[PDB]
Amino acid sequence: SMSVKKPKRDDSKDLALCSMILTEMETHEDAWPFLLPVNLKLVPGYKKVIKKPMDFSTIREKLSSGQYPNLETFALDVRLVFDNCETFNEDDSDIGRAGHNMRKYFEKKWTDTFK
């Protein structure tokens, strides 16, 4: 509250660390469905159904240009990628499986780096 602050958790390396995590996700072999934005002209249903499209390239641009105010808004966009993937893709598809694997991979790096 006013003039009453919890101790300062050091956030000065968060940008660098989110960038390392993102690099690791970019280079994972199962990242291929997620590297670029889904082509809304060429994928029937996607535009109407997926209200907030997100992909790794779009996160990288946002990260590079100061558009994440803190590490939680970064994690929200990463999870949005996988939540979108589960909305549109069957669990038993190559893309569906890719998204489960990547979400697992992310959440471990997230815990190991910050928790």
# chains A, B, ... in the order shown; residues from 1 in each chain; ligands from 1

call {"tool": "closest_atom_pairs", "arguments": {"of": "segment 2-69 of chain A", "to": "segment 95-103 of chain A", "cutoff": "9 Å", "atoms": "only C-alpha atoms", "output": "JSON lines"}}
result
{"residue": "A:25", "atom": "CA", "partner": "A:102", "partner_atom": "CA", "distance": 7.4}
{"residue": "A:28", "atom": "CA", "partner": "A:102", "partner_atom": "CA", "distance": 8.1}
{"residue": "A:30", "atom": "CA", "partner": "A:98", "partner_atom": "CA", "distance": 5.4}
{"residue": "A:31", "atom": "CA", "partner": "A:102", "partner_atom": "CA", "distance": 7.1}
{"residue": "A:32", "atom": "CA", "partner": "A:98", "partner_atom": "CA", "distance": 8.5}
{"residue": "A:33", "atom": "CA", "partner": "A:95", "partner_atom": "CA", "distance": 6.4}
{"residue": "A:34", "atom": "CA", "partner": "A:99", "partner_atom": "CA", "distance": 8.5}

call {"tool": "write_last_selection", "arguments": {"atoms": "N, CA, C and O atoms", "output": "mmCIF file, in the first residue's frame"}}
result
data_model
loop_
_atom_site.group_PDB
_atom_site.id
_atom_site.type_symbol
_atom_site.label_atom_id
_atom_site.label_comp_id
_atom_site.auth_asym_id
_atom_site.auth_seq_id
_atom_site.Cartn_x
_atom_site.Cartn_y
_atom_site.Cartn_z
ATOM 1 N N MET A 25 13.033 -22.305 -27.577
ATOM 2 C CA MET A 25 11.755 -22.731 -28.169
ATOM 3 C C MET A 25 11.850 -22.648 -29.708
ATOM 4 O O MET A 25 11.463 -23.637 -30.367
ATOM 5 N N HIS A 28 13.714 -25.784 -31.119
ATOM 6 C CA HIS A 28 13.174 -27.075 -30.845
ATOM 7 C C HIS A 28 12.635 -27.689 -32.163
ATOM 8 O O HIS A 28 12.069 -26.967 -33.014
ATOM 9 N N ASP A 30 10.133 -29.553 -32.780
ATOM 10 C CA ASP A 30 8.713 -29.467 -32.871
ATOM 11 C C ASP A 30 8.152 -28.009 -32.916
ATOM 12 O O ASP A 30 6.968 -27.875 -32.734
ATOM 13 N N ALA A 31 8.984 -27.044 -33.100
ATOM 14 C CA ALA A 31 8.548 -25.641 -33.136
ATOM 15 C C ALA A 31 7.898 -25.294 -34.490
ATOM 16 O O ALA A 31 7.294 -24.208 -34.620
ATOM 17 N N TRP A 32 8.064 -26.152 -35.519
ATOM 18 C CA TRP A 32 7.641 -25.741 -36.887
ATOM 19 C C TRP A 32 6.198 -25.237 -37.050
ATOM 20 O O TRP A 32 6.009 -24.313 -37.878
ATOM 21 N N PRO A 33 5.193 -25.759 -36.322
ATOM 22 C CA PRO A 33 3.862 -25.118 -36.471
ATOM 23 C C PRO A 33 3.708 -23.712 -35.976
ATOM 24 O O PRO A 33 2.630 -23.125 -36.237
ATOM 25 N N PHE A 34 4.725 -23.213 -35.211
ATOM 26 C CA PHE A 34 4.600 -22.029 -34.322
ATOM 27 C C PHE A 34 5.540 -20.903 -34.685
ATOM 28 O O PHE A 34 5.511 -19.863 -34.041
#

call {"tool": "closest_atom_pairs", "arguments": {"of": "segment 17-50 of chain A", "to": "segment 55-66 of chain A", "cutoff": "8 Å", "atoms": "only C-alpha atoms", "output": "JSON lines"}}
result
{"residue": "A:19", "atom": "CA", "partner": "A:63", "partner_atom": "CA", "distance": 7.5}
{"residue": "A:22", "atom": "CA", "partner": "A:60", "partner_atom": "CA", "distance": 7.4}
{"residue": "A:26", "atom": "CA", "partner": "A:56", "partner_atom": "CA", "distance": 7.0}
{"residue": "A:34", "atom": "CA", "partner": "A:55", "partner_atom": "CA", "distance": 5.2}
{"residue": "A:35", "atom": "CA", "partner": "A:56", "partner_atom": "CA", "distance": 5.0}
{"residue": "A:36", "atom": "CA", "partner": "A:57", "partner_atom": "CA", "distance": 5.6}
{"residue": "A:37", "atom": "CA", "partner": "A:55", "partner_atom": "CA", "distance": 5.4}
{"residue": "A:38", "atom": "CA", "partner": "A:55", "partner_atom": "CA", "distance": 7.9}

call {"tool": "write_last_selection", "arguments": {"atoms": "N, CA and C atoms", "output": "PDB file, in the first residue's frame"}}
result
ATOM      1  N   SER A  19      14.546 -13.949 -23.572  1.00  0.00           N
ATOM      2  CA  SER A  19      15.170 -14.075 -24.897  1.00  0.00           C
ATOM      3  C   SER A  19      15.872 -15.448 -25.076  1.00  0.00           C
ATOM      4  N   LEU A  22      13.156 -18.141 -25.382  1.00  0.00           N
ATOM      5  CA  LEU A  22      12.476 -17.996 -26.675  1.00  0.00           C
ATOM      6  C   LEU A  22      13.384 -18.645 -27.724  1.00  0.00           C
ATOM      7  N   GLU A  26      12.434 -21.569 -30.245  1.00  0.00           N
ATOM      8  CA  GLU A  26      12.632 -21.408 -31.702  1.00  0.00           C
ATOM      9  C   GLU A  26      13.413 -22.557 -32.369  1.00  0.00           C
ATOM     10  N   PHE A  34       4.725 -23.213 -35.211  1.00  0.00           N
ATOM     11  CA  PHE A  34       4.600 -22.029 -34.322  1.00  0.00           C
ATOM     12  C   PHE A  34       5.540 -20.903 -34.685  1.00  0.00           C
ATOM     13  N   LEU A  35       6.395 -21.112 -35.675  1.00  0.00           N
ATOM     14  CA  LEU A  35       7.440 -20.165 -36.007  1.00  0.00           C
ATOM     15  C   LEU A  35       6.951 -18.873 -36.621  1.00  0.00           C
ATOM     16  N   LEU A  36       5.913 -18.975 -37.434  1.00  0.00           N
ATOM     17  CA  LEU A  36       5.318 -17.852 -38.147  1.00  0.00           C
ATOM     18  C   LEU A  36       3.829 -17.771 -37.913  1.00  0.00           C
ATOM     19  N   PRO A  37       3.224 -16.602 -38.161  1.00  0.00           N
ATOM     20  CA  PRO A  37       1.788 -16.501 -38.051  1.00  0.00           C
ATOM     21  C   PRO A  37       1.054 -17.436 -39.038  1.00  0.00           C
ATOM     22  N   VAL A  38      -0.032 -18.021 -38.553  1.00  0.00           N
ATOM     23  CA  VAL A  38      -0.905 -18.844 -39.388  1.00  0.00           C
ATOM     24  C   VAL A  38      -1.417 -17.918 -40.484  1.00  0.00           C
TER      25      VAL A  38
END

call {"tool": "closest_atom_pairs", "arguments": {"of": "segment 75-95 of chain A", "to": "segment 39-53 of chain A", "cutoff": "9 Å", "atoms": "only C-alpha atoms", "output": "CSV"}}
result
residue,atom,partner,partner_atom,distance
A:80,CA,A:53,CA,7.9
A:81,CA,A:53,CA,7.4
A:84,CA,A:50,CA,6.5
A:87,CA,A:50,CA,7.8
A:88,CA,A:46,CA,7.7

call {"tool": "closest_residue", "arguments": {"among": "A:112, A:21, A:11, A:3", "to": "residue 75 of chain A", "atoms": "only C-alpha atoms"}}
result
A:21

call {"tool": "atom_distance", "arguments": {"atom1": "atom CA of residue 6 of chain A", "atom2": "atom CA of residue 73 of chain A"}}
result
20.8 Å

call {"tool": "select_by_dssp", "arguments": {"residues": "chain A", "states": "helix (DSSP H, G or I)", "output": "PyMOL selection string"}}
result
chain A and resi 14-27+29-34+46-49+56-64+71-88+94-114

call {"tool": "atom_distance", "arguments": {"atom1": "atom CA of residue 13 of chain A", "atom2": "atom CA of residue 70 of chain A"}}
result
11.2 Å

call {"tool": "atom_distance", "arguments": {"atom1": "atom CA of residue 24 of chain A", "atom2": "atom CA of residue 92 of chain A"}}
result
24.6 Å

call {"tool": "decode", "arguments": {"residues": "segment 32-66 of chain A", "atoms": "N, CA, C and O atoms", "output": "compact mmCIF listing (two decimals), in the first residue's frame"}}
result
# COMPACT_ATOMS: atom_id res chain seq x y z
N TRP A 32 8.06 -26.15 -35.52
CA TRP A 32 7.64 -25.74 -36.89
C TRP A 32 6.20 -25.24 -37.05
O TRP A 32 6.01 -24.31 -37.88
N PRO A 33 5.19 -25.76 -36.32
CA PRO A 33 3.86 -25.12 -36.47
C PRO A 33 3.71 -23.71 -35.98
O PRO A 33 2.63 -23.12 -36.24
N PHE A 34 4.72 -23.21 -35.21
CA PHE A 34 4.60 -22.03 -34.32
C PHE A 34 5.54 -20.90 -34.69
O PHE A 34 5.51 -19.86 -34.04
N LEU A 35 6.39 -21.11 -35.67
CA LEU A 35 7.44 -20.17 -36.01
C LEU A 35 6.95 -18.87 -36.62
O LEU A 35 7.54 -17.81 -36.38
N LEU A 36 5.91 -18.97 -37.43
CA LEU A 36 5.32 -17.85 -38.15
C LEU A 36 3.83 -17.77 -37.91
O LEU A 36 3.15 -18.76 -37.55
N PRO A 37 3.22 -16.60 -38.16
CA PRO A 37 1.79 -16.50 -38.05
C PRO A 37 1.05 -17.44 -39.04
O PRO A 37 1.57 -17.70 -40.13
N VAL A 38 -0.03 -18.02 -38.55
CA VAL A 38 -0.91 -18.84 -39.39
C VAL A 38 -1.42 -17.92 -40.48
O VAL A 38 -1.79 -16.77 -40.21
N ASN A 39 -1.41 -18.43 -41.72
CA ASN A 39 -1.82 -17.62 -42.88
C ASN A 39 -3.37 -17.61 -42.92
O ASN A 39 -4.00 -18.60 -43.22
N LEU A 40 -3.92 -16.48 -42.53
CA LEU A 40 -5.37 -16.33 -42.39
C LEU A 40 -6.12 -16.37 -43.71
O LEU A 40 -7.34 -16.61 -43.72
N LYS A 41 -5.42 -16.14 -44.82
CA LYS A 41 -6.05 -16.25 -46.16
C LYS A 41 -6.12 -17.70 -46.56
O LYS A 41 -7.01 -18.07 -47.29
N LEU A 42 -5.16 -18.52 -46.10
CA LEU A 42 -5.08 -19.88 -46.57
C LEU A 42 -5.56 -20.94 -45.64
O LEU A 42 -5.53 -22.12 -46.05
N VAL A 43 -6.00 -20.61 -44.41
CA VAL A 43 -6.41 -21.65 -43.45
C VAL A 43 -7.81 -21.36 -43.03
O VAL A 43 -8.08 -20.49 -42.17
N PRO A 44 -8.76 -22.05 -43.70
CA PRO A 44 -10.17 -21.89 -43.37
C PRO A 44 -10.46 -22.07 -41.89
O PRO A 44 -10.00 -23.02 -41.25
N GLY A 45 -11.27 -21.18 -41.37
CA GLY A 45 -11.75 -21.26 -39.99
C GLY A 45 -10.93 -20.42 -39.02
O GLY A 45 -11.45 -19.94 -38.01
N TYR A 46 -9.64 -20.20 -39.37
CA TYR A 46 -8.67 -19.72 -38.33
C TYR A 46 -8.98 -18.35 -37.85
O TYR A 46 -9.08 -18.10 -36.63
N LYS A 47 -9.27 -17.48 -38.82
CA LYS A 47 -9.57 -16.08 -38.52
C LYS A 47 -10.76 -15.90 -37.60
O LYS A 47 -10.70 -15.16 -36.60
N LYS A 48 -11.83 -16.65 -37.88
CA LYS A 48 -13.04 -16.53 -37.08
C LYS A 48 -12.97 -17.16 -35.72
O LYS A 48 -13.53 -16.68 -34.73
N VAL A 49 -12.34 -18.32 -35.67
CA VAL A 49 -12.29 -19.07 -34.47
C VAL A 49 -11.26 -18.57 -33.46
O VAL A 49 -11.55 -18.58 -32.25
N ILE A 50 -10.07 -18.18 -33.95
CA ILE A 50 -8.91 -17.87 -33.01
C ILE A 50 -8.84 -16.36 -32.89
O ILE A 50 -8.35 -15.66 -33.79
N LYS A 51 -9.37 -15.90 -31.79
CA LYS A 51 -9.59 -14.46 -31.63
C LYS A 51 -8.27 -13.70 -31.46
O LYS A 51 -8.15 -12.54 -31.90
N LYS A 52 -7.27 -14.36 -30.86
CA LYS A 52 -5.97 -13.72 -30.68
C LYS A 52 -4.83 -14.61 -31.17
O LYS A 52 -4.26 -15.34 -30.35
N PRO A 53 -4.53 -14.55 -32.47
CA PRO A 53 -3.43 -15.35 -32.99
C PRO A 53 -2.10 -14.93 -32.38
O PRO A 53 -1.92 -13.74 -32.04
N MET A 54 -1.22 -15.92 -32.15
CA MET A 54 0.11 -15.60 -31.62
C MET A 54 1.05 -16.70 -32.14
O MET A 54 0.60 -17.87 -32.38
N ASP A 55 2.30 -16.32 -32.34
CA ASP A 55 3.34 -17.21 -32.89
C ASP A 55 4.72 -16.72 -32.32
O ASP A 55 4.86 -15.56 -31.87
N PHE A 56 5.75 -17.55 -32.47
CA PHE A 56 7.04 -17.22 -31.93
C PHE A 56 7.70 -16.01 -32.57
O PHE A 56 8.30 -15.21 -31.85
N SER A 57 7.54 -15.82 -33.89
CA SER A 57 8.09 -14.61 -34.53
C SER A 57 7.52 -13.30 -34.04
O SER A 57 8.27 -12.26 -33.92
N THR A 58 6.24 -13.30 -33.73
CA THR A 58 5.50 -12.17 -33.25
C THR A 58 5.91 -11.89 -31.78
O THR A 58 6.23 -10.73 -31.41
N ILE A 59 6.11 -12.96 -31.01
CA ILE A 59 6.65 -12.78 -29.63
C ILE A 59 8.06 -12.20 -29.70
O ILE A 59 8.44 -11.31 -28.91
N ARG A 60 8.90 -12.73 -30.61
CA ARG A 60 10.28 -12.22 -30.74
C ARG A 60 10.31 -10.73 -31.10
O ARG A 60 11.05 -9.93 -30.47
N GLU A 61 9.46 -10.31 -32.01
CA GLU A 61 9.38 -8.88 -32.38
C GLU A 61 8.91 -8.01 -31.18
O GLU A 61 9.43 -6.90 -30.94
N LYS A 62 7.88 -8.49 -30.47
CA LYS A 62 7.36 -7.78 -29.31
C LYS A 62 8.48 -7.67 -28.22
O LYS A 62 8.64 -6.60 -27.59
N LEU A 63 9.23 -8.75 -28.00
CA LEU A 63 10.31 -8.80 -27.02
C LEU A 63 11.43 -7.78 -27.39
O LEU A 63 11.85 -6.97 -26.56
N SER A 64 11.79 -7.77 -28.65
CA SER A 64 12.85 -6.92 -29.18
C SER A 64 12.51 -5.42 -29.19
O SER A 64 13.44 -4.60 -29.39
N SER A 65 11.26 -5.02 -29.07
CA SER A 65 10.80 -3.66 -29.24
C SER A 65 10.12 -3.11 -27.99
O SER A 65 9.30 -2.23 -28.05
N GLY A 66 10.41 -3.75 -26.82
CA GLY A 66 9.82 -3.26 -25.54
C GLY A 66 8.38 -3.30 -25.38
O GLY A 66 7.78 -2.51 -24.64
